[PDB]
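Structure first, commentary second.
Atom set for the values below is all heavy atoms of this structure, side chains included, hydrogens, waters and symmetry mates excluded. Numbering of residues begins at 1 and proceeds along the displayed sequence.
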Amino acid sequence: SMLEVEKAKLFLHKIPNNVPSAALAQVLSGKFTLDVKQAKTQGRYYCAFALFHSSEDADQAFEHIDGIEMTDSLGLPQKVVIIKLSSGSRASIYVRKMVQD
């Protein structure tokens, strides 16, 4: 049942440190909770996990994400989505499913 929790997770990463993690909720739909990981020492980016109630809700939310669909070198489908920052600045963050089976 650990896997069904994991299949309900989206992985948000390459997030610049100037992005407040609460702003990550603006690019996701549905009902989820965000678990933010601390940036490494002298690190510039951080990542977060969005946990939904099921893999179906996670898949539904990932499809709803407004972002460019791409494939990384590992062959994983990922979406590049723009975060509108209150400073008029912006950030590109990457979103993919946690489990790629």
Side-chain angles (χ1 to χ4, degrees), residues 1-41 43-101:
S1 187
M2 196 215 74
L3 198 49
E4 168 275 312
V5 174
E6 291 303 292
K7 287 176 170 181
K9 282 181 182 170
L10 299 190
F11 184 47
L12 297 78
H13 59 140
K14 316 306 182 190
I15 311 168
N17 276 335
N18 73 325
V19 179
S21 56
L24 301 172
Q26 82 201 188
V27 300
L28 299 174
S29 62
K31 292 156 163 193
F32 59 91
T33 57
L34 270 169
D35 178 29
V36 185
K37 225 171 79 176
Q38 185 221 50
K40 68 184 182 184
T41 170
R44 310 211 154 219
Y45 305 92
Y46 70 93
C47 65
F49 311 96
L51 175 60
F52 294 77
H53 191 237
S54 69
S55 59
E56 288 72 28
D57 290 316
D59 301 341
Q60 182 173 250
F62 185 74
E63 293 294 7
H64 275 101
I65 292 179
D66 190 36
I68 305 307
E69 294 177 78
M70 57 81 68
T71 293
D72 57 33
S73 55
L74 289 174
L76 312 192
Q78 305 209 40
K79 282 188 175 184
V80 201
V81 52
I82 293 297
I83 302 285
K84 271 317 290 290
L85 287 181
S86 59
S87 323
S89 201
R90 69 216 154 239
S92 303
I93 71 154
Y94 286 70
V95 187
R96 68 164 173 92
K97 310 203 172 110
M98 172 69 38
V99 182
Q100 302 279 333
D101 290 343

Return the minimal non-hydrogen interatomic distance between [X] and [Y], and the atom names on each side.
X	Y	value
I15	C47	CD1-CA, 4.1 Å
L34	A25	CD1-N, 3.8 Å
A58	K7	CB-O, 3.9 Å
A48	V36	CB-CA, 4.1 Å

Atom [atom1] in [X], atom [atom2] in [Y]: separation rounded to 0.5 Å?
X	Y	atom1	atom2	answer
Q78	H13	CD	NE2	3.5 Å
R96	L76	CZ	CG	5.0 Å
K37	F11	NZ	CZ	6.5 Å
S92	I82	OG	CD1	3.5 Å

Which is it for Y94 and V80 under the side chain to side chain contact (heavy atoms under 4.5 Å, CB included) test, yes or no, and what are the steps along the way?
CA-CA 5 Å; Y94 286 70; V80 201; 3.4 Å; yes
So with a 6.0 Å cut-off around [atom1] of [X], is the heavy-atom count from everything else above 12?
X	atom1	result
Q26	CD	yes
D66	CG	no
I68	CD1	no

Report the C-alpha distance between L24 and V19 in whole Å, list the side-chain angles of each, state the deciding distance to 0.1 Å, and finish with yes or no for side chain to side chain contact (heavy atoms under 4.5 Å, CB included).
CA-CA 8 Å; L24 301 172; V19 179; 4.3 Å; yes
Ignoring hydrogens and geometry, is there a side-chain-to-backbone donor-acceptor pair from [X] to [Y] under 3.5 Å?
X	Y	answer
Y45	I93	no
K79	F62	yes
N17	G43	yes

Going only through I, L, V, M, F, W and Y residues with side-chain contacts under 4.5 Å, is there a path from [X] to [Y]?
X	Y	answer
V5	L12	no
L74	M70	no
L3	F49	yes

With the side chain counted from C-beta on, respond yes when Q60 and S29 share a heavy-atom pair under 4.5 Å apart, and no when they do not.
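Side-chain contact under 4.5 Å: no.
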Is any side-chain heavy atom of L10 closer than 4.5 Å to a side-chain heavy atom of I65?
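Yes; the side chains approach each other to less than 4.5 Å.
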Evaluate the criterion side chain to side chain contact (heavy atoms under 4.5 Å, CB included) for residue pair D59 and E56; output intermediate values, then yes/no.
CA-CA 5 Å; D59 301 341; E56 288 72 28; 5.5 Å; no
Applying side chain to side chain donor-acceptor pair (under 3.5 Å), name anything that partners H53, two or more places apart in sequence or on another chain.
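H53 satisfies side chain to side chain donor-acceptor pair (under 3.5 Å) with no other residue.
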Can you list everything that forms a side chain to side chain contact (heavy atoms under 4.5 Å, CB included) with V27? Sequence neighbours excluded, please.
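Side chain to side chain contact (heavy atoms under 4.5 Å, CB included) list for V27, sorted by chain: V81, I83.
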Pairs involving residues 8-34, ordered by first then second residue, that meet salt bridge (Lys or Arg N to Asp or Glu O under 4.0 Å) (sequence neighbours left out)
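Passing the test, one end in residues 8-34: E6-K9.
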